[PDB]
Amino acid sequence: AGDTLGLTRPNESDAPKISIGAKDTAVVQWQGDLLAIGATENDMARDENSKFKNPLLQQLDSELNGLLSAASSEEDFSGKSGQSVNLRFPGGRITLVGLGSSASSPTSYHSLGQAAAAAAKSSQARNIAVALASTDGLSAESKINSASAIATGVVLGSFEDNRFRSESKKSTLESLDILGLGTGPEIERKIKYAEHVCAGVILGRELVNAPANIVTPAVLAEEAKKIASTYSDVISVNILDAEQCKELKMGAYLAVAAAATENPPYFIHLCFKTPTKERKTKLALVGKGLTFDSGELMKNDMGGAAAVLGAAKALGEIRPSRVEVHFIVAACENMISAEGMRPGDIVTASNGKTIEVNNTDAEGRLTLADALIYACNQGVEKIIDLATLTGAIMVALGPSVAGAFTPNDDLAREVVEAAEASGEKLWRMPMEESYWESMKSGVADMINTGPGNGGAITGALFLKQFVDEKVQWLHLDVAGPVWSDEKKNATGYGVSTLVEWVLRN
Amino acid sequence: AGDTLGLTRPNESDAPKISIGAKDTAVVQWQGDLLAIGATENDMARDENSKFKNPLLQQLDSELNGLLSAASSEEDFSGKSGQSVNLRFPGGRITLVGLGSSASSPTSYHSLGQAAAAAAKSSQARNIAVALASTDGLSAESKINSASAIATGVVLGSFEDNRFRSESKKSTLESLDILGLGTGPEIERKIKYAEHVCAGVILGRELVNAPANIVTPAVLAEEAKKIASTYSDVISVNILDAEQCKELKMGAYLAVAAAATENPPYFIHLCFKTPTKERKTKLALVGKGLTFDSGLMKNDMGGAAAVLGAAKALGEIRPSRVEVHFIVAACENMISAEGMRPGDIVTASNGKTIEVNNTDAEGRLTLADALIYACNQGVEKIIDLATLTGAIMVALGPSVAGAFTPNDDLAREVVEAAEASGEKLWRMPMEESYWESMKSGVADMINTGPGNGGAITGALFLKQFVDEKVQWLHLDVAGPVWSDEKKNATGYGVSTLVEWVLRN
Amino acid sequence: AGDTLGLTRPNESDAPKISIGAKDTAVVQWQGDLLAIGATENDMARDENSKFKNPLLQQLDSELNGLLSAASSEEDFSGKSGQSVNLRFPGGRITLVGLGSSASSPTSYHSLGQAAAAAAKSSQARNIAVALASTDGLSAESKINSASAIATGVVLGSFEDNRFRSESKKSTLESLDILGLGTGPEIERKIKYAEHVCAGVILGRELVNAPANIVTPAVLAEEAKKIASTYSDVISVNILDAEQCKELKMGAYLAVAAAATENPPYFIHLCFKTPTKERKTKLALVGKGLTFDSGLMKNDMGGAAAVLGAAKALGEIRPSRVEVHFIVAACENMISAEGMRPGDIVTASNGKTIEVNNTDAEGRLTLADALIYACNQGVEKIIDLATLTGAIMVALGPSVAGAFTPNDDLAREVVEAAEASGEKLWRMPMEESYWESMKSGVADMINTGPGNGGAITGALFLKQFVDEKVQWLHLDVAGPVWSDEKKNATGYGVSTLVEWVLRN
Amino acid sequence: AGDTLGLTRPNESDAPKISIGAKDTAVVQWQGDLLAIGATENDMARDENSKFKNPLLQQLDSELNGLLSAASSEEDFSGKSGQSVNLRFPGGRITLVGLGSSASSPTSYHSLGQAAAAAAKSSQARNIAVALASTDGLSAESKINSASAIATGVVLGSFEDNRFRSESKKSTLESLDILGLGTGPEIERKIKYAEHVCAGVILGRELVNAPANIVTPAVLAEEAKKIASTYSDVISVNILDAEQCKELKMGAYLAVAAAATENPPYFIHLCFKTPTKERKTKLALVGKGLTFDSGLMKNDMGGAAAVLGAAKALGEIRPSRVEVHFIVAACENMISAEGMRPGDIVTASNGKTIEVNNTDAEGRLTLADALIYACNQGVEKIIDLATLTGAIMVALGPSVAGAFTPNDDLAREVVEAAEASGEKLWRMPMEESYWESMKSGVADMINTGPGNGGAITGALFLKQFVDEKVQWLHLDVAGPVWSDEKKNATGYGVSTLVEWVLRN
Ligand SMILES: [Cl-]
Ligand SMILES: [Cl-]
Ligand SMILES: [Cl-]
Ligand SMILES: [Cl-]
Ligand SMILES: [Cl-]
Ligand SMILES: [Cl-]
Ligand SMILES: [Cl-]
Ligand SMILES: [Cl-]
Ligand SMILES: [Cl-]
Ligand SMILES: [Cl-]
Ligand SMILES: [Cl-]
Ligand SMILES: [Mg+2]
Ligand SMILES: [Mg+2]
Ligand SMILES: [Mg+2]
Ligand SMILES: [Mg+2]
Ligand SMILES: [Mg+2]
Ligand SMILES: [Mg+2]
Ligand SMILES: [Mg+2]
Ligand SMILES: [Mg+2]
Ligand SMILES: [Mg+2]
Ligand SMILES: [Mg+2]
């Protein structure tokens, strides 16, 4: 760690790959450390004698001589969302997990998986199983989708980032058997898909969790190269250095980067494409990549870049045809030094527009200006950018819901549908044109920061100045959901939605 | 652009030089795109048939068959200050501009000229004229002065700084005929004088409008060199680098400059004099030149701008009875490992020590060494201009500068100069009893006193660095160098300084 | 002062070494410029004729024909703490100083000595004396301790730091005779001890009064080397540079130091011991040594100053039976491109990781590595002094330091040492339940907890870097190292630390 | 709820009285819903076959065929503080609760009892038991104290205040058997004592949890009258209204109360004593009783609540050898036309004048008159409790109260009482030099000093109203009266005050 500030050396991530499979084993006959069962409120109904009506629960309780029904009533478990009962008995352990009533997939089944991972961690389980108390009326396909969402919840719920702390226990969880939901090639493909996405989500969490003295712009570029190296027959990489970006006239990006002489900036360009020669839709994913932003209360730095690189990691495995995807991150750290940009400075973006920098706490959007111009210059048809852009969007939508801004109603609809499929939370917000007048400069084409009221909107209107009108473009302000204050950890928010969006194109 | 942070390049200022002349042409006979008429409230009086009493306005109206009087009453124009009517008719365009009642020159005539420029801009006028509705009761001198003030308004009102905008429209205005106020050599000399002063005001606006990534200290020094090069027979230049200032023991200035290793400091010294060898009154003009101040301050370097603006004007005017030293200790106040910390104790070139209790008041540290330097040139009188305090804006608002001097006579000179230029300033007291609040427990003084009286203690601080045999006045111009309404620099100070120099 | 920022050059200190002695001379027979007398309220009792009952005061008044009793009653002097009467008469000058009632020693005697110094300074006295109005009810040992405390007050009271200002007169005080409190070898050894401690206290004041552009980390290292050089038979020095600290894995200290590329860091290690071979208790004194802290606070480096002060005193006193390690991890906390960011995770030399959630609390990071280094020297007991928190001043005010230890015995030793020194400190609890608020979501801990309990969690942080086998006390001295009343450093801590070392 | 603001009506509390007893029943033979076992880390040691070495745990595990040891290791339970395992099996339920290593009693046993209550609540248990895994090395007396502490944890842990919300289930807990710690009259008397103290602690929690629109000063007086009525042979009451306090010259208290014309003030005086005629030590307990303070802080009235709590406990316990005065000057601090302004000068009932420079510190004005009233009852010792300052929370965090006294003996009594009660407090210094910052330019004193030292100067203020012949300690309880974690009042202070009274 000789050249790392603070001499910090990340511990080697020693997480096992969980072995996940869908089995036809009867639930009452399954043997291992922990069985988790997802039950709705209706699944917990009892008869005249206070016995479970549900066949699976009735049988498990019988075999336990009424210990499961007794514990459940004593502990007031009736299958409400978030509730759980944990029962250790001779030969095994059962946890019932409440699904509530009328809970949406995939989110309910993600939660179920998360709860199963938590109960595994708290009992040092190695081999676990998950099932639903009832699958009546469900198609083979809904069941497949529930299985893959359960898998996702277990994998993401088992992740623990211990790279920067001296005391930790490695995860005990080695296998997951998903029961009752089908077997064979199709359900296994879907589980594999989920696993590919999770590996992207987990990369995103790691990139964000890591502090700026570890994930520098040069380190972020190396992560990009590692993805390309792993998937070199479908992903290529081009890393531009400051001098190359200067030749491309990226004055807004380079001005933000100028202070940080010790950790130089790198402009990251990955391109995914299968070598086959059918028609491909050309897409870009642009992520804000300030590895530190001068403007540890805000632990969301780089969430956007992380979601973009996480998506690349997923897509490298999934290998969709019919799409060409450009992943673009203008990476730098925003520091303070004699070589730095001052408030009031006027910088020129690579499309010639001039920006009066009235607020040095909003420098991220400057880097995005040049990244968006670059994306448009790759000849893409559609762009999504993700950025932790404003506090204002968290005032508006809270910690958990990202704001989506687009001139293009169709692309809004695509992104809303992708989020519905992934389970991620977002909400379209208006690009109210009248607010652009508040962004006028008395010397330059525009200022970089408008009034507090409307701030997430004028942030979006700012970015629009750097997007070719013929390209469809949506901006996702993810300041809130990239970081979980409760878990004190990154989420990798965005990856799953982006993957779904690419795949549905 | 290549070596500029943000890759930003100033667009070439493409503005035409307006052709200005005084002409004897009767106002009703004049032909061109726009005729602007300045009318007082009394000039707009009407008779019992609602017809203008004023002979010029009566004639124009009757020639337009009552269209001008009708439009005027409909639009409630009665000649009040700020009022205007704009009438397009076959063969031309007239705008009447209200002058109010008993309004002071040159400000009223500046405003008239500004209003004419604005009406030109909004009609794309190329050739305009301006006249007063009545000139009777004005001396030949006052008419001359009115003409030059009109010219000033039109020139300054036509200026638009589009250097950093990727889209803009070039001024259409090409010529101004000033009517009814006299013709011949004298009025033409006065108009030319106004033009020379405007070019200095406009340089000042440009220096301030430009951001710190464009106007660095090196660039400020180049602008000084360019003035000397343009007027080389009357203006000389010496630019001192950090190592030269160090030999001159400028520890206060060099401490402030120490952080900014990327944009090194330059100490600017221009000297104006005509090349004849008669005795000349020796003056200095010192301007605060922090191209950026770490402590939105869009008024940074307003002082230095006014000082260089004055040089530019004087280089053209060539006054014979004066030797003027223009002095700017230019640097940017940044943050870095090489920088001065709060608490540091720095030593000015006169040997006095300063405890720097507040790094938002570093400007005055640079002025300390600039003032000592000025006194060392052997001058008789110094004016410094500086955006020194927020306190002065609390005291006097955005539009009126504060003037501080121990020397009553110099105060009177500067008040008279501002009366002649039209600029707003107000003397403030150098209340001695407040010096006690500037005591240090370790050094000779601290740099920043309490908020109450802050502009006064700022002045008292500077007075520590001025030879008491030299007459010295400090002008705290934090407010009026920048117009929040126009979102632009004003070039405040240039016209007053030039009038001050000339009256010496 | 070519390489000093601001070109500041400290003036050469010209303080007299005061000649101090204890004499058996009758107070009324003593000859010189000023006689100061310490009188309690009870000492000032008068009889039925309004004459002093105190024998000494009665005698002096009788010599002055009632002038002293008359001046006293007119000026309402009754011996209350802080009161004084100053009477100039033919052949000399007397000042009576109030000691109050049941005031604690040595503080009451320090104050006496300070008041005698102040009266000497205000009358330009060269030769002075001090006596108590009454020594009834005092042991020989208490009188000896009173005498040395009076000497301490006079020496410290006569100090004036004029290194950074032009206007000063050198102290006139040349001698002090202490009367009525005994004579001979023992009292003289005590006075000498007090003098040695004062020279340390004065070094401490100087190191703190000097600004960060003068006392950089290199300069602080040179001060350490000078101490070792002066006392080279009992004090050794090792200065470690950044590369050596990196080999010792001091990632927390080096992270804080990384920004300040212009003034590099030095880790200072002094060791005191007499060359005799009796068993020695191994002690460490660790001082926070941020010469400037980016998080006007004038208390920077008060901890390091106390530690180096103590070394200076101990070098002269030469106690046997101790080996004392003096450890200061010196650096300045600046802002640059090379600097640590908030959120960075740094690794101390014991392997523990710290998530730096607040860059205003970097001082404790340097102490982490200093404390580990101290434990690695195999010491039995450590005291650290550090200006660690604002919270401790909220808690205990400007004058009383907070003491934090797991070790009840060491608390008792430090409380007793302060009792003997006269310095004010108070033990505060290391409430363990607060450690939970120092959890990180990524590292082993954060560096800053919530405001409530901030001095406690500061202490609990430091505890993570201290071997449990070692007894350890943390002293948060943010308040008393700097006197806002004097506008000067106090050298707080030196006298206590010397008493602690001596009582081991 | 016609006359209550907001029409709020407290729901009737329906808490079971838990039946508590000590039994000699072998733990393995005990029958009921839930058995909780307190185990230290050392208790959880295993042998070479991974079987519990502890005899009780070995036996229980053997009955459960290894299920308990297996669940324990799987769930990483090793007996650390806060840890727990909960195992439901045929015929019952066991919970193992970690006690950590060398944790102090009674706190460790309180926590045990709280964890047993929580497990009862989460499993709807009616009949529970608690035992220690090991009682080796405990005296009979320590076991008795452990049992009563366990009872206290269970009773306090089972409390839930549902008066102001619609959704709640009544506690299922009906009985507790305490096992392994002894049987018979002595242990039963101790348990009974703990129950009496709990009923006080619970009254305290209720008085604080209730909002100011429910617990007004009139209502607080009625609570006092209810206590006296319940225990009328040992507790008498006198409620003084505003007019009576005016005759007693309580200008400081009445000034604070003047704004609140809608909810008038009442001065509460309870007196406890048994009717037997042995010598009784006269004590006062004074509580701050601002039912609302205009200066969301949920700690209002925590002091008064502790005092009334103590009266409730003492009414049942009936100690001989004491007479205890319980004094609360109750009012609300509001804003109206009738109110006190900042700057007003008020006169306390001892004649001293106070310039009220800060209306956020009015609570101390009411205490001034309460303390004078207490001294006028001829008591020997006074403790006041008050949520006086934010400063004390900065100092000591949320959990530890600050204790201020001139009287070293009383400090020792209160520190010992807290030791016995388990409550956290810490003595802080009454640094006399800070009194100078409380000077007024017009009155005898101001009411608020500078932020630094604010808890100390608070104490020094209160001292002005205390007869020096009376021993007096001030407890600043701003932190621990309210638990942000529970979102509920704690009734902090009651148990300590009861122990203090009993040890007199
Ligand atoms: Cl981002
Ligand atoms: Cl931004
Ligand atoms: Cl929509
Ligand atoms: Cl300026
Ligand atoms: Cl300044
Ligand atoms: Cl320190
Ligand atoms: Cl710190
Ligand atoms: Cl101990
Ligand atoms: Cl209270
Ligand atoms: Cl209060
Ligand atoms: Cl005492
Ligand atoms: Mg698999
Ligand atoms: Mg990070
Ligand atoms: Mg012309
Ligand atoms: Mg500018
Ligand atoms: Mg001597
Ligand atoms: Mg006097
Ligand atoms: Mg210092
Ligand atoms: Mg009972
Ligand atoms: Mg558990
Ligand atoms: Mg309440």
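Since chain D takes its numbers from Swiss-Prot, the residues it shows come out as 55-349, 363-571.
Here the Cβ of each residue, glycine as well, is placed from N, Cα and C on the backbone.
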Quick one: which of D:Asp347, D:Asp367, D:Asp476 does Swiss-Prot put in the Mg(2+) 2 site with D:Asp427, D:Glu429?
D:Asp347
Of all the binding-site residues given, D:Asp347, D:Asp367, D:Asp427, D:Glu429, which has the fewest Cβ neighbours within 10 Å once its own Cβ is left out?
D:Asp427
Just how many other Cβ atoms lie inside 10 Å of the Cβ on D:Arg431 (active site)?
23
Determine which residues of the same chain, besides D:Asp347, D:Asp427, D:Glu429, have their CB within 8 A of the center of the CB atoms at the recorded Mg(2+) 2 site, and list them by sequence.
D:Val310, D:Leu344, D:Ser348, D:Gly349, D:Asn400, D:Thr426, D:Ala428, D:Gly430
So which other residues, same chain and not among D:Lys342, D:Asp347, D:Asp367, D:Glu429, have a Cβ within 8 Å of the centroid of the Cβ atoms at the Mg(2+) 1 site?
D:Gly343, D:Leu344, D:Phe346, D:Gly349, D:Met368, D:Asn400, D:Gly430, D:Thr433, D:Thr454
Return the count of C-beta atoms lying within 10 angstroms of the C-beta of D:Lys342 (Mg(2+) 1 binding site), excluding that atom itself.
28
List which of the binding-site residues D:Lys342, D:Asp347, D:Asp367 have their Cα within 10 Å of the Cα of D:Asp427 (Mg(2+) 2 binding site), in sequence order.
D:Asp347
By Cα-Cα distance, the member of binding-site residues D:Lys342, D:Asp347, D:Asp367 nearest D:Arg431 (active site):
D:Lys342
Do any of the recorded positions D:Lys342, D:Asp347, D:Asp367, D:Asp427, D:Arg431 touch ligand 10, in the sense that the CB is under 6 Å from one of its atoms?
D:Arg431
